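Encoded as structure tokens, the structure appears first; notes follow it.
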Amino acid sequence: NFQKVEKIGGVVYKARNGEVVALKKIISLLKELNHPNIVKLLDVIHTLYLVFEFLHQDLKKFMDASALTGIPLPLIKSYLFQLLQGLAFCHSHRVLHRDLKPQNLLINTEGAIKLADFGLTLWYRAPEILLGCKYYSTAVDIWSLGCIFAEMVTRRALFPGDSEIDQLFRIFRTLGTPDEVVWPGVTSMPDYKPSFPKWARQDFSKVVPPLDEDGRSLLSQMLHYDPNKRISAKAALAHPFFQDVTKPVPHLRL
Ligand SMILES: O=C(O)c1cc([N+](=O)[O-])ccc1NCCCc1ccccc1
Ligand SMILES: O=C(O)c1cc([N+](=O)[O-])ccc1NCCCc1ccccc1
């Protein structure tokens, strides 16, 4: 039914129906849900295939293309604001993403960005997932988005771990080793070990330097250890960081 065009990255292909779509080779309630910052799910076929609307670039490629100059702050702010709108919608319908990362974030020439590749490589994982919590919450997505925010600002991954424990210890070295004071119940997590090294929390203005105090404040709330203290998508949208948000159009080379 579909003329393959190319492989995007189960497997995902750009395909032609004359509609151009993204065809994923490996739910139906999601087809009826609609938000400007969420990729549209067009079809489900089980004979498992998912058919999605097609967008031409992802944030990972755009950040690489922007590496030598960086993404302008107004565009970083617009993208973060839009991604939070998408998450606030998802979370209000009790849908988690669980695997947010720059290559899952799709952009177009109009200035829009959309959530894709839902989890329905460790760099964006929330600490409660790494510590073995089985019933994690909408807060895991806010953590991932905070990591992506930091990466847009600094042009380097915040926590580029190469193993589960290296990921955890990279988080601890920056944010401090969590304890019961800042995260009640952390020492009862399934994979918590009393033998974890105890690192002090680094000064936060060292971590995303050029970012102003509004952005650092928001980031800090997105990276709270306690999922119950971590800011919600809805509350983040009201943060003073977004008082001057606009929707710039990006320079895309396709
Ligand atoms: O356009 C979608 O819907 C989509 C969906 C998924 N996904 O995992 O569902 C993953 C990527 C998607 N776009 C690809 C945009 C970047 C891209 C464009 C051309 C070649 C290589 C890479
Ligand atoms: O994005 C994927 O790759 C994906 C994968 C599966 N799955 O079961 O593998 C199932 C759904 C998937 N996206 C659905 C996106 C539409 C959507 C998302 C959130 C709220 C409202 C509407």
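We number chain A the same way Swiss-Prot does; the residues here are 3-11, 16-23, 27-35, 52-72, 76-148, 165-298, in that order.
Structure method, as recorded: X-ray crystallography, 1.6 Å.
Cβ atoms here come from the backbone N, Cα and C positions, even for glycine.
Per Swiss-Prot, these features apply:
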type	residues	note
ACT_SITE	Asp127	active site, proton acceptor
BINDING	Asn132, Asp145	Mg(2+) binding site
MOD_RES	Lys6	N6-acetyllysine
MOD_RES	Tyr19	phosphotyrosine
SITE	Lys9	site 'CDK7 binding'
SITE	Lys88, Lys89	site 'CDK7 binding'
SITE	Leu166	site 'CDK7 binding'
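Structure coloured by features recorded in Swiss-Prot.
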residue	record	Cβ contacts under 8 Å, 6 or more apart
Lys6	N6-acetyllysine	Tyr19, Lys20, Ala21, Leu32
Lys9	site 'CDK7 binding'	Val17, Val18, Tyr19, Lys20
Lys88	site 'CDK7 binding'	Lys129, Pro130, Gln131, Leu133
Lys89	site 'CDK7 binding'	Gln131
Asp127	active site, proton acceptor	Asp145, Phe146, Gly147, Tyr168, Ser188
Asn132	Mg(2+) binding site	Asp86, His125, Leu143, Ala144, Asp145
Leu166	site 'CDK7 binding'	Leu174, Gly205, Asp206, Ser207, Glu208, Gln211
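Fewest other C-beta atoms within 10 Å: among the recorded positions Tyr19, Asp145, that description fits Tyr19.
Under DSSP, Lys6 (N6-acetyllysine) is assigned to a strand (E or B) in the three-state scheme. Residues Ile35 and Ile52 bracket an unmodelled region of 16 residues, and their Cα atoms lie at a distance of 13 Å. Checking the recorded positions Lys9, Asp127, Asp145 against ligand 2, the ones with a C-beta less than 6 Å from an atom of that molecule are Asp145.
With a cut-off of under 6 Å between the Cβ and any atom of ligand 1, the recorded positions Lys6, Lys9, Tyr19, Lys88, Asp145, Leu166 reduce to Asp145.
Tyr19 (phosphotyrosine) carries a strand DSSP state (E or B). Under DSSP, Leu166 (site 'CDK7 binding') is assigned to coil, being neither helix nor strand in the three-state scheme. The chain break between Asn23 and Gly27 spans 3 missing residues, with the CA atoms of the two ends lying 5 Å apart. Two residues, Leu148 and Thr165, bracket 16 residues absent from the model, and the distance between their Cα atoms is 17 angstrom. According to DSSP, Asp145 (Mg(2+) binding site) is assigned to coil rather than to any helix or strand. Counting 3 residues missing between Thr72 and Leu76, the deposited model places the Cα atoms of those two residues 7 Å apart.
If you look at the deposited chain, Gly11 and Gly16 flank 4 residues with no coordinates, and their C-alpha atoms are 8 Å apart.
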